[PDB]
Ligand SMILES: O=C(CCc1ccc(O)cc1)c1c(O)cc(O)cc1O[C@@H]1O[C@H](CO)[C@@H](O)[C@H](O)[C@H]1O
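In the block that follows, a single chain appears as structure tokens, in the form solved without the named molecule.
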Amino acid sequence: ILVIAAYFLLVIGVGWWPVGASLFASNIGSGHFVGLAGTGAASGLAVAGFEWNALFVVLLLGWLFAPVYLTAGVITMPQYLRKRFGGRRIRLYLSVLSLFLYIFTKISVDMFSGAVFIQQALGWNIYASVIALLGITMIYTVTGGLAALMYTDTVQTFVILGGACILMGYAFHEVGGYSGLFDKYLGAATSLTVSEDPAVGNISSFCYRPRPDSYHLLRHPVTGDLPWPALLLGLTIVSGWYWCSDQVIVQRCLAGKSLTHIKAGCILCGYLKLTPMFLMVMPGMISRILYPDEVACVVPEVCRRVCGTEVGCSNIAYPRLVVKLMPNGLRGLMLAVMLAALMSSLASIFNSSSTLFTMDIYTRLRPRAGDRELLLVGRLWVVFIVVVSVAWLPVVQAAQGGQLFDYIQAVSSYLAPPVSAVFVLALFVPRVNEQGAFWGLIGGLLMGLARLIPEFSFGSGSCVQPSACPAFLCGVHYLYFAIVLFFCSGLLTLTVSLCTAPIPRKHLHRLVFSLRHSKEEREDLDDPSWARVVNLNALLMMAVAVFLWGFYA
């Protein structure tokens, strides 16, 4: 209570230095922590593939797509597409899709993570918890916290890494060392399986006891909670949308003084990407073995009391870890820094969403754009996004069995792959047109909604109570649909655009990867030695990542 109050007082009074901090904060945030711990408890190590593939995606971003964003001169994605394609229609629809994705993932998961952290600590149920978090974020933003966020990000990531290392040290000690994780985890099961409710009936051993292959990263391809054939490619697509299209990420990456400095920052970010496995997934399953009945229950009657949802609330593992396993005095430091990072991320998402909407939608709708009225529109947009995100919380807590990170991956894999296909085809093949790309992308969006809307209306339930969803619609994994949508939306944009030769070469000078360097005028559609050592460092870091992958795989 003292440490948390002092930390909040310091933060409010205040309101590869920024690059690494921003990259890690987006990579490993508060909602990211809680979701990673939860799915680590429910499923096992396998969720580590998410981080270990996002690492490779960050490396690919830094090595390939940052120079493309730099030579062209477009800091953001939508203006790069504006110069590449032309026409406010495609940029408008892409901004609409970005707004929807922000609402569906960023804000919703941030608020729900705050609710999970507060719910297993001082406070109340989800509604009061998110109301208090809204108050905290508002008082943060009013006092210009975002302005000093650039300086505070490095301090926050340093203290988060320090605290997470302390939690690493404490967790295996509370279990008995690394031997305890390989010894005790597979026997972690609740004592309550009676299911006094007559409708539910006696639960089979499949649900409450953990999966037998909860250790290995690579699950069964067909029948499994998280297949690896889906993992490797679907994560590539989703995280390629995440890292190579986010405006904030590219703005932070390009902020480096030189290209070699950008690559060094990417390598340091990779170092910080290899650690959150041991910091999140291991302690989540440690919290599961420590607290088997509380963390992962399967009987709905007890589950509503413990969780608030009938799924099982496997995602409350990390709040319990923080508020029990930590030393009594120091737990306030975690409960303070966790919420501070969450509030900073939420404020950044709020500002980015409002700026995007103002810059594209209301700008195209009303070309007058009175400054007072425009600011009023921005404030009303913030109000609207808060209301919609809070109204979406009951769907968020379900999240296909309570795994919060599964919800993020599902939503992104439903609506990102079309944008990824459009971007990759625009960057690779010159033939794609503005009308062709838009007409493919609208079809991809319809295809994605055709599987999202019925699934979310029907439900997911749990293993005990599956929803009355058709076998073909829900038996397909929530992430294999991203692989299907990649080669459906991209096929549509490649086929529609190929109907004619829409754009000559002069409009696409130094904007298409094929013509990386032309040294010619555009058509206006509107370290010599450090490099080898940096490449060697990247080779070493990537080899270490593969070593860990093969160790657990």
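What we label the rigid core is the largest C-alpha set whose atoms superpose within 1.5 Å from one form to the other. Numbering starts at 1 and runs along the sequence shown.
The same protein also has a form solved in complex with the named molecule, omitted here; what follows describes it.
- For the named molecule, fitted onto this chain by superposing the C-alphas round its site in the deposited complex, the count of atoms within 2.4 Å of backbone or C-beta atoms is 3 or more, giving a blocked pocket.
- If you check the named molecule in the deposited complex, you find no heavy atom from any of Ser314, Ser460 and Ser462 within 4.5 Å.
- Across the options 247-255, 126-134, 211-219, 361-369, residues that bring heavy atoms within 4.5 Å of the named molecule in the deposited complex belong to 247-255.
- Although the partner is absent here, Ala21 lies within 4.5 Å of the named molecule in the deposited complex, judged by heavy atoms.
- A residue is said to contact a partner when one of its heavy atoms sits within 4.5 Å of a partner heavy atom; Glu455 fails this definition for the named molecule in the deposited complex, lying far away.
- In the deposited complex, the named molecule sits within 4.5 Å of a heavy atom of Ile28.
- Within this chain, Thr157 lines the site of the named molecule in the deposited complex, having a heavy atom no more than 4.5 Å away.
- Only one of the listed residues (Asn433, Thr309, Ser348, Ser95) places a non-hydrogen atom within 4.5 angstroms of the named molecule in the deposited complex, and that residue is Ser348.
- In summary, among the residues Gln120, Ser344, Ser353, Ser389, the only one with a non-hydrogen atom within 4.5 Å of the named molecule in the deposited complex is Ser344.
- The residue among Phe428, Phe384, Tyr151, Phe206 whose Cα moves by 2 angstroms or more between the shown form and the other one, once the core is superposed, is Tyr151.
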